[PDB]
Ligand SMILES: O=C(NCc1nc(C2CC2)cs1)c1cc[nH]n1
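Only one chain is given next, in structure tokens, and it is the form deposited without this ligand.
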């Protein structure tokens, strides 16, 4: 059992207002046929247009909410809405486009999906709250058949062109008119009571209902993300490398070691309370400090309340020394903290839109993160960039321009002239730092933190 059997039953109650008389007894095999598609007993990689919840979770980067609302059915214009915010009007003859025939609408759909998905996934998964019109509109822009490869590269084909009779992936589909072998899932099959809005609004207040198809498309995908990444969590699912994952993760480790080491050297805290990932390792193994760990898994719904993490009777005295919250999202950090907090508003191919202001950050594993909130940092200040090193000044073993910087905290810079080794290491660190910030991470520190206290750690 890897794919969804076409012989699986499909509940049709949600479809009977657009499709009156629809049989209660229905399989995906009969539904696909009713949608105007012929599967021809083909064992060529595409067993079903519909996929399981587990297959959908593995392809969350491909998710595109899709809704169709009757503007006035083959006789009336249809409003096609996508979770990208696009509304297209198709005539049978928050962006809102005027009514156009299907032969031009389908070209826009291919362009939109290709621009949205080329850097995210090798496919598309239409996320539906199926009522009928969305399923019966698919024949006007979708073509199915055996799994194919792109005409210009090795990637799987996602588009088809009637002008050239060729197939393309999302990167090579300019001018293509059909979506080829898309996938889809109907959220209504998961067992819900009530309409889309009532279920969506239970968990999210950030997506309103402006009564347009793209609003329903957005709410549908948001509800699906809530069910699959908020109420249910699975950190055993791996996701392919699509960007700077490895550089970002390595940069995160370098910056954490740098910041914690310098905070310990500058303020000499006798104890450090490391709150977060139960599999955390000491980021500064040589530090003298008493290192105490507290287990908290990544919160995917609401940020942890500091009163629940710290209180109910451990060192007990979290007020002693410093608290390290490295990606441990809390409502309000104590004043004696070192914090790394992911900013959910960041635009990147790793960061997908999420539920109730939160975002779905996908880097090796999927992590739904509660909405970024500036008020969590009221007791702290932004951590300024700096590079600190106590290593000997020695080159060992890429051409040079001498480094001049007030933030290169080294013996050579104290002495008046940055050495080649510390200049190379400073530039590498600055690159790793900028990589982590641009990925969406934000750094915060206790107000007394001052890099001026680091200069006397070389004597």
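Positions refer to the first chain, counted from 1.
Absent from the display: the form deposited with this ligand bound. The rest refers to it.
- This form has no room for this ligand: after superposition of the C-alphas round the site, using its pose in the deposited bound form, 3 or more of its atoms sit within 2.4 Å of a backbone or C-beta atom.
- Shown alone here, residue 79 lies within 4.5 Å of this ligand in the deposited bound form, counting heavy atoms only.
- In the deposited bound form, this ligand lies farther than 4.5 Å from every heavy atom of residue 152.
- Residue contact with this ligand in the deposited bound form: residue 211 places a heavy atom within 4.5 Å of it.
- For the partner-free chain shown, just 216 of 215-248 comes within 4.5 angstroms of this ligand in the deposited bound form, judged by any non-hydrogen atom.
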